[PDB]
Amino acid sequence: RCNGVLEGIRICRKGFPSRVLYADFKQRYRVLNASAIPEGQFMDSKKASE
Amino acid sequence: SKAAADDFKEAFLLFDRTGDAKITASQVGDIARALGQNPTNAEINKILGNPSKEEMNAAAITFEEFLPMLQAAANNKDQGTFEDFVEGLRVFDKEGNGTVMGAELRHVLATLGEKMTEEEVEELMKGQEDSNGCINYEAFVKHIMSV
């Protein structure tokens with residue numbers, strides 16, 4: 001509480017809880033529009049998920 | 001329901017080697033697959049045990065138990081989605097083209113999860129993998145879903 005950790009969580013939650021790392025995002029979900037999501041993830045580790 | 005498909009009873013006469021109209025419990029997994037049902041082997045195992053049925057001791061069957069077990073497996077055919085089969089193998093190899101290196105698919109199909117023999121793995125790759133060592137799984141999963 002006194003750290004700021006709990007306050008950073010607060011401010012976050014005013015917020016977007018779950019946050020996926022891009023590769024961790026590719027792999028697990030490529031399969032959803034398989035062709036177009038795989039291309040995105042492979043073509044730009046980030047731009048992909050996009 | 002009949003739609004009463006009486007050809008399931010005619011196929012039971014093609015799998016019973018004694019002609020007495022009974023099929024052992026060890027054949028029921030492969031005959032559900034030959035009637036157009038793909039229950040996983042753990043599912044076929046569970047159901048059996050679930051019903052205090054031991055596949056470890058001698059077994060016989062009657063058509064009156066095999067018919068309702070095929071009808072209990074027939075609801076699970078909604079799990080056979082080809083989007084997830086092609087996307088599984090698309091996450092298994094890099095680049096934008098559907099090719100698994102030969103030995104990657106052979107060792108994964110024999111040792112990961114439900115063990116497929118390497119004889120059956122070679123019979124499922126025979127023709128779809130050429131001498132480049134690259135299995136095109138777009139046509140490979142197409143031909144696996146043709147049977």
# chains A, B, ... in the order shown; residues from 1 in each chain; ligands from 1
>>> interface_residues(of="chain A", to="chain B", cutoff="9 Å", atoms="only C-alpha atoms", output="PyMOL selection string")
chain A and resi 26-35+38-39+42-43
>>> residues_around(residues="residue 139 (chain B)", least_positions_apart="6", cutoff="12 Å", atoms="only C-alpha atoms", output="PyMOL selection string")
chain B and resi 86+97-100+125+127-129+145-146
>>> write_last_selection(atoms="N, CA and C atoms", output="short mmCIF file (atom, residue, chain, number, x, y, z; two decimals), in the first residue's frame")
data_model
loop_
_atom_site.label_atom_id
_atom_site.label_comp_id
_atom_site.auth_asym_id
_atom_site.auth_seq_id
_atom_site.Cartn_x
_atom_site.Cartn_y
_atom_site.Cartn_z
N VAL B 86 -6.44 -26.99 -38.63
CA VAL B 86 -5.48 -26.34 -39.52
C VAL B 86 -4.74 -25.21 -38.82
N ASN B 97 3.23 -20.42 -44.96
CA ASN B 97 2.97 -21.54 -45.86
C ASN B 97 2.84 -22.79 -45.01
N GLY B 98 1.83 -23.60 -45.30
CA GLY B 98 1.51 -24.72 -44.42
C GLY B 98 2.36 -25.98 -44.59
N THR B 99 3.57 -25.96 -44.04
CA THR B 99 4.46 -27.13 -44.12
C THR B 99 5.12 -27.49 -42.79
N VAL B 100 4.83 -28.71 -42.35
CA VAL B 100 5.52 -29.29 -41.19
C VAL B 100 6.74 -30.07 -41.68
N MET B 125 1.13 -40.38 -43.52
CA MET B 125 1.96 -39.36 -44.19
C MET B 125 2.34 -39.79 -45.61
N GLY B 127 2.33 -40.32 -49.09
CA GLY B 127 1.69 -39.73 -50.27
C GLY B 127 1.56 -38.22 -50.17
N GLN B 128 1.36 -37.72 -48.96
CA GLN B 128 1.17 -36.27 -48.77
C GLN B 128 2.50 -35.58 -48.48
N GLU B 129 3.46 -36.34 -47.98
CA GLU B 129 4.81 -35.80 -47.82
C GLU B 129 5.73 -36.32 -48.91
N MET B 145 -9.60 -35.58 -43.58
CA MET B 145 -11.04 -35.39 -43.41
C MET B 145 -11.84 -35.86 -44.62
N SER B 146 -11.19 -36.55 -45.55
CA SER B 146 -11.89 -37.13 -46.70
C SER B 146 -12.38 -38.54 -46.38
#
>>> residues_around(residues="residue 66 (chain B)", least_positions_apart="3", cutoff="12 Å", atoms="only C-alpha atoms", output="NGL selection string")
:B and (8-9 or 11-12 or 21-29 or 31-32 or 35 or 48 or 60-63 or 69-73)
>>> atom_distance(atom1="CA of residue 2 (chain B)", atom2="CA of residue 76 (chain B)")
19.2 Å
>>> atom_distance(atom1="CA of residue 59 (chain B)", atom2="CA of residue 46 (chain B)")
16.2 Å
>>> select_by_dssp(residues="chain A", states="alpha helix (DSSP H)", output="list in words")
residues 5, 6, 7, 8, 9, 10, 11, 12, 22, 23, 24, 25, 26, 27, 28, 29, 36, 37, 38, 39, 40, 41, 42 and 43 of chain A
>>> closest_residue(among="B:126, B:77, B:53, B:107", to="residue 65 (chain B)", atoms="only C-alpha atoms")
B:53
>>> atom_distance(atom1="CA of residue 41 (chain A)", atom2="CA of residue 25 (chain A)")
8.3 Å
>>> decode(residues="region 7-22 of chain A", atoms="N, CA, C and O atoms", output="short mmCIF file (atom, residue, chain, number, x, y, z; two decimals), in the first residue's frame")
data_model
loop_
_atom_site.label_atom_id
_atom_site.label_comp_id
_atom_site.auth_asym_id
_atom_site.auth_seq_id
_atom_site.Cartn_x
_atom_site.Cartn_y
_atom_site.Cartn_z
N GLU A 7 -1.43 1.17 -5.59
CA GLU A 7 -2.04 2.37 -6.17
C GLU A 7 -1.88 2.33 -7.67
O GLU A 7 -2.63 2.92 -8.43
N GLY A 8 -0.89 1.58 -8.10
CA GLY A 8 -0.65 1.48 -9.54
C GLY A 8 -1.66 0.53 -10.13
O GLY A 8 -2.08 0.65 -11.29
N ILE A 9 -2.13 -0.40 -9.30
CA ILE A 9 -3.07 -1.37 -9.72
C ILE A 9 -4.41 -0.70 -9.85
O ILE A 9 -5.14 -0.89 -10.82
N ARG A 10 -4.69 0.17 -8.89
CA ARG A 10 -5.92 0.96 -8.84
C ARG A 10 -6.14 1.75 -10.12
O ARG A 10 -7.12 1.64 -10.85
N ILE A 11 -5.17 2.60 -10.36
CA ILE A 11 -5.11 3.46 -11.52
C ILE A 11 -5.19 2.66 -12.80
O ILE A 11 -5.58 3.15 -13.87
N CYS A 12 -4.77 1.41 -12.71
CA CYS A 12 -4.77 0.56 -13.86
C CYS A 12 -6.20 0.14 -14.15
O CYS A 12 -6.71 0.29 -15.27
N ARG A 13 -6.81 -0.33 -13.07
CA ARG A 13 -8.16 -0.81 -13.08
C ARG A 13 -9.20 0.25 -13.32
O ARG A 13 -10.40 -0.01 -13.26
N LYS A 14 -8.78 1.44 -13.66
CA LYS A 14 -9.78 2.47 -13.86
C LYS A 14 -9.92 2.68 -15.34
O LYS A 14 -11.00 2.94 -15.85
N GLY A 15 -9.76 -0.24 -15.20
CA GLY A 15 -8.88 0.09 -16.32
C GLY A 15 -8.96 -1.05 -17.33
O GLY A 15 -10.02 -1.51 -17.73
N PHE A 16 -7.80 -1.49 -17.72
CA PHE A 16 -7.65 -2.60 -18.60
C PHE A 16 -6.86 -3.70 -17.88
O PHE A 16 -5.59 -3.70 -17.93
N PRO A 17 -7.60 -4.55 -17.17
CA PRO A 17 -7.03 -5.62 -16.38
C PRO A 17 -6.00 -6.47 -17.13
O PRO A 17 -4.82 -6.16 -17.18
N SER A 18 -6.50 -7.52 -17.74
CA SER A 18 -5.70 -8.43 -18.54
C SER A 18 -4.96 -7.73 -19.67
O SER A 18 -5.52 -6.98 -20.52
N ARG A 19 -3.66 -8.00 -19.71
CA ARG A 19 -2.78 -7.43 -20.73
C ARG A 19 -1.90 -8.51 -21.33
O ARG A 19 -1.07 -9.10 -20.64
N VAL A 20 -2.12 -8.75 -22.62
CA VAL A 20 -1.42 -9.77 -23.34
C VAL A 20 -0.20 -9.28 -24.05
O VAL A 20 -0.23 -8.33 -24.81
N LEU A 21 0.84 -10.05 -23.86
CA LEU A 21 2.08 -9.83 -24.57
C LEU A 21 1.84 -10.43 -25.95
O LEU A 21 1.26 -11.50 -26.15
N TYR A 22 2.27 -9.66 -26.90
CA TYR A 22 2.11 -9.93 -28.33
C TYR A 22 2.37 -11.34 -28.91
O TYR A 22 1.53 -11.87 -29.59
#
